[PDB]
Amino acid sequence: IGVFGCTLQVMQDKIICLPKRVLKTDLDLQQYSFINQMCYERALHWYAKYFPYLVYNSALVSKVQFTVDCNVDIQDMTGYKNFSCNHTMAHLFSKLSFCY
Amino acid sequence: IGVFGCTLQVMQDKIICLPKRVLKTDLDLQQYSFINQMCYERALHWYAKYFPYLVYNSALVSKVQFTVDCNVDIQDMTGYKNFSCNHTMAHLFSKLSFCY
Amino acid sequence: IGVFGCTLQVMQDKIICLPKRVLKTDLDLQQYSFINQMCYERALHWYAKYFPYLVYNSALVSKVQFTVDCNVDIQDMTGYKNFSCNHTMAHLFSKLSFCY
Amino acid sequence: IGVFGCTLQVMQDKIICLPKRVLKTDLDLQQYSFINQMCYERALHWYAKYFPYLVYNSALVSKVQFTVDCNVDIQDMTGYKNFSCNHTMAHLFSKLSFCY
Amino acid sequence: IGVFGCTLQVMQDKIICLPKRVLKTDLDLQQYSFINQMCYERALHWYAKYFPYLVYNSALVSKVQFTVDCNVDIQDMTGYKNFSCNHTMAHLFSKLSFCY
Amino acid sequence: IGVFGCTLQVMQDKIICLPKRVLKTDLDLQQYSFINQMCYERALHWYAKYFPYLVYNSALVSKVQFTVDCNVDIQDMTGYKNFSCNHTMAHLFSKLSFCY
Amino acid sequence: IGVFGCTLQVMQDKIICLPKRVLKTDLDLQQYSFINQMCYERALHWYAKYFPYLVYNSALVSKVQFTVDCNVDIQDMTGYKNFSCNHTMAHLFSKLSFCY
């Protein structure tokens, strides 16, 4: 399953982030990708990233949720700090892990 | 069939959503993708996602429809809550399942 | 032929729809794709979709045409209801079927 | 040859159309593609499309030319009727046919 | 070599054209591609196209150059007639032919 | 591992850079890519680049960090000198190296 | 190595150019590609292109540098003559050549 997991990680492991504190946001695609990857690095739990190398989990199953909030310190960098984000494979990996 | 089902799930399984309560919507592509995946996670029935892993269905056949509505709580996030959505694989998978 | 037909279905089976009642239309690509799939589900005849699963046809050959009109109920949703649409494989599939 | 021809018509059989009667034209990419396929269906001679199924030609060789004009009736639909169009496959397939 | 030549022809044989007589030019991508193919058909010498079918050349080697000028009659069509153009295969195929 | 490392280097070795000293920045995609390449060359340590040719590291493991600052002299070229940059594979390669 | 070198030349041998004498530059992507190819043809040393055909080099190793300045005569064509340009394979091929 871990091999299939790394196929998912390479192909479709993407998250999408939009700012919360204040609907156009006047951010370009480069800024959007930068914010997404920053929130992936800081907000998403390390289990999501480390799962495909693997193939204590009792707390891990309930640890990760679908939608997340990250207070990424890009104030004066993108104009916002609080960002709400989501990623489609959250529930997919949750079901996989409940099966796994 | 289930292998074919996960093929369609990987390649062409996207839904499209547009707001209802009030034609430009001044929403960028990132916002559109975020709304699409949010409504896919919330509005779309779990059978649509879980079909390719399997390969009680009597109510499940009539459960889903082509066009759906999601009242996704993204106020001050994208500016709208009610979103009308559709995806091409709705009727396709309905026909496949009636055959299946 | 039916395998070839589903090849054209997956790769190049695309239709394009433009509003009729009143040349920019101030519609984004997401709205265009939504209208395309909506009219594909509604206006396009079920034979066009169901041809590659088979592989009464006397009425089917003259049933469909190249250009179509759909009065899709997207008023206050996209701003127009009447849409004229066309798709390239219409005449191609008509020729195939006349051969087939 | 005909197999090669079907390869080209899948990959590079694209025509481009621009309106004649009156340099921005304020037409979106969807409208451009719609006009392209419309004029391809109406203006381009059936020999160009039907060549890869074959593999009387004396008139066919001089029948088609590189650039074409189509008076496609999309007035109040895209804003123009007369369109000048061209595709790179015209002279290439003419040379192929002269060889063939 | 001719097989390799037709490989570069299918993948990378693209030319770029810009108008001369008078830096934004307010031409869309469709118009740019149309001008590119028009000047490719007109300005570029038939050796560039016909090389990969082959595999008198003494003057033919010095015939073509990297950049070209073409006065394509697209007045009231794109707004300019004189276009300076260049393609990536010019010096590459010149070296290939000097070797060949 | 080093072969896999060069697979990542070819596929997904990308960085994103945003200006620091003062949220739109009115920089095009070409300028964004140029800034990314500059800061990838000057800010990213040579070990990140040279890892896939190898396959003293005690200081090298703690040498690099996820987010970096790059002070590149493109003033009057893109309008800014200080940029903050990040790349996806920083943590992945740090974990790989710690395992390695 | 030369086979690998021509793989890089086909895939990722691209350069980026921005004007120097005077941050938006109001140049479209077609103009950007045209400027890039012009400067690649004139500025980049013939060794960079001719390396994958071979596979006197003592001066060649120090001959080229990563960033270049090229004074391309497209005044009244794109609005600028002086351009600073870069290409990603500079340091990579310099290391390869020092090894080779």
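Residues numbered from 1 in each chain as written, not as in the entry; some residues may be left out. Chains lettered and ligands numbered in written order. Heavy atoms only, no water.

1. Section: the overall build of chain A
The number of helices and strands found in chain A is 5 helices and 3 strands. Beginning at the N terminus, the succession of helices and strands in chain A can be written as α-β-α-α-α-β-β-α. Residues counted as buried form 47% of the 100 residues belonging to chain A. About 5400 Å² of surface is accessible on chain A, with carbon and sulfur atoms providing 59% of the total. Here chain A contributes 9 positive and 7 negative side-chain charges, whose respective centroids are spaced 9 Å apart. (Helix = DSSP H or I, 4+ residues; strand = E, 2+ residues; numbered from the N terminus. Buried < 20%, exposed > 50% of the residue type's maximum accessible area, 1.4 Å probe, protein only. Areas by Shrake-Rupley, 256 points an atom, 1.4 Å probe, with all protein chains shown as cover. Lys, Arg positive; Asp, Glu negative; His and termini not counted. Charge placed at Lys NZ, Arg CZ, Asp CG, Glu CD.)

2. A word on the interface of chain A and chain B
Counting from both sides, the interface comprises 20 residues of chain A and, opposite them, 18 residues of chain B. Regarding the contact of chain A and chain B, the summed buried area is about 1800 Å², with carbon and sulfur atoms giving 62% of it. Across the contact surface, chain A and chain B share 6 residue pairs in polar contact. When residues of the side of chain A that touches chain B are traced back to their parent elements, those giving at least two are β1 (16–19), α2 (29–42), β3 (82–86) and α5 (89–99) of chain A. (Contact = heavy atoms within 4.5 Å. Buried area = accessible area lost by both parts, 1.4 Å probe. Polar contact = N/O pair within 3.5 Å; in protein donor to acceptor, adjacent residues only side chain to side chain.)

3. Focus on the relation of the copies chain E and chain G
Least-squares fitting of chain E to chain G yields an RMSD of 0.2 Å, with the transformation described by 0.1 Å of translation along the axis and a rotation of 52 degrees. Comparing contact sets, just 5% of the residues at the interface of chain E also lie at the interface in chain G, consistent with a heterologous contact between different surfaces. (Least-squares fit on C-alpha atoms.)

4. Here's the deal with the pairing of strand β3 (residues 82–87) of chain F
All names here are of chain F. Here β3 lies mainly inside the structure; 6 of its 6 residues are buried. With 5 bridges joining them, strand β1 (residues 15–19) and β3 adopt antiparallel strand pairing. Note that in β3 the partner of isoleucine 15 across the bridge is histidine 87. Relative to β3, strand β2 (residues 67–71) is paired through 5 bridges, and the arrangement is antiparallel. The residue of β3 that forms the bridge with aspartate 69 is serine 84. (Pairing = 2+ DSSP bridges.)

5. Some details on the sheet that holds strand β1 (residues 15–19) of chain G
Residue and element names in this part refer to chain G. Strand order in the open sheet formed by 3 strands is β1-β3-β2, with antiparallel pairing between adjacent strands. Sheet topology places β1 and β2 (68–71) at the edges, where each strand pairs with a single neighbour. With strand direction ignored, the average angle separating the axes of adjacent strands in the sheet is 30 degrees. As defined by bridge partners, β2 adjoins strand β3 (residues 82–87) across 4 bridges and the pair is classed as antiparallel. Residue pairing for β3: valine 68 is matched across the bridge by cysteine 85. (Axes fitted to C-alpha atoms, helices over the stretch in contact; angles between N-to-C directions.)

6. Focus on unusual backbone geometry
The phi dihedral of C:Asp26 is positive, around 40 degrees, even though this residue is not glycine. On the basis of relative accessibility, which here comes to 38%, the residue C:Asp26 falls in the partly exposed class.

7. A few points about the sheet that holds strand β3 (residues 82–86) of chain D
Judged by pairing direction, the sheet is antiparallel, and its 3 strands sit side by side in the order β1-β3-β2 (chain D) without closing on themselves. A strand with exactly one partner marks an edge of an open sheet, and here the two such strands are β1 (16–19) and β2 (67–71) of chain D. Shown here is a sheet whose adjacent strand axes are inclined to one another by a mean of 30 degrees, direction ignored. The sheet contact formed by β1(D) and β3(D) spans 4 bridges and is antiparallel. For D:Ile16, the partnering residue across the bridge sits in β3(D) and is D:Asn86. Each of β1, β2 and β3 of chain D touches helix α2 (residues 29–42) of chain D; the most contacted strand, β1(D), lies at about 105 degrees to it. Against the sheet, helix α2 (residues 29–42) of chain E touches β1 and β3 of chain D, its axis set at about 115 degrees to β1(D).

8. Some details on the packing of helix α1 (residues 2–11) of chain B against helix α3 (residues 46–54) of chain B
All names here are of chain B. Between α1 and α3, the shortest axis-to-axis distance is 7 Å and the interhelical angle comes to 140 degrees. As summarised for this structure, α1 and α3 are arranged oblique, according to the angle between their axes. When you trace α1 past α3, the crossing you get is left-handed. Within the contact between the two elements, α1 uses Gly2, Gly5, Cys6 and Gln9 and α3 uses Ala48, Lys49, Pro52 and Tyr53. (Parallel < 35°, antiparallel > 145°, perpendicular 65-115°, else oblique. Left-handed = near helix turned anticlockwise from the far one by under 90°.)

9. Topic: a nonpolar patch on the surface
Together, A:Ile1, A:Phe4, A:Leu54, A:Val55, A:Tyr56 and A:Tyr100 make up a nonpolar patch on the protein surface, roughly 660 Å² of accessible area in all. Here A:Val55 lies in the loop between α3 (46–54) and α4 (57–63). (Patch = residues over 30% accessible without salt bridge, like charges linked within 9 Å, V, L, I, M, F, W, Y side chains within 5 Å. Salt bridge = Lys/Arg side-chain N within 4 Å of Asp/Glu carboxyl O.)

10. Points about the state of the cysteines
Applying the stated criterion across every chain yields a total of 14 disulfides over all chains. The side chain of B:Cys39 participates in a disulfide bridge whose partner is B:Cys70; the two sulfur atoms lie 2.0 Å from each other. The S-S bond linking B:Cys39 to B:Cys70 shows a torsion near -110 degrees; that makes this disulfide left-handed. The connectivity of the disulfides in chain A is 1-4, 2-3, where the numbers refer to bonded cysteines in sequence order. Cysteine B:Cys6 shares no disulfide, and the gap to the nearest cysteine sulfur, in A:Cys99, comes to 15 Å. What makes B:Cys6 partly exposed here is its relative accessible area of 29%. (Disulfide = S-S within 2.5 Å.)

That's the geometry; what it means functionally is another story.
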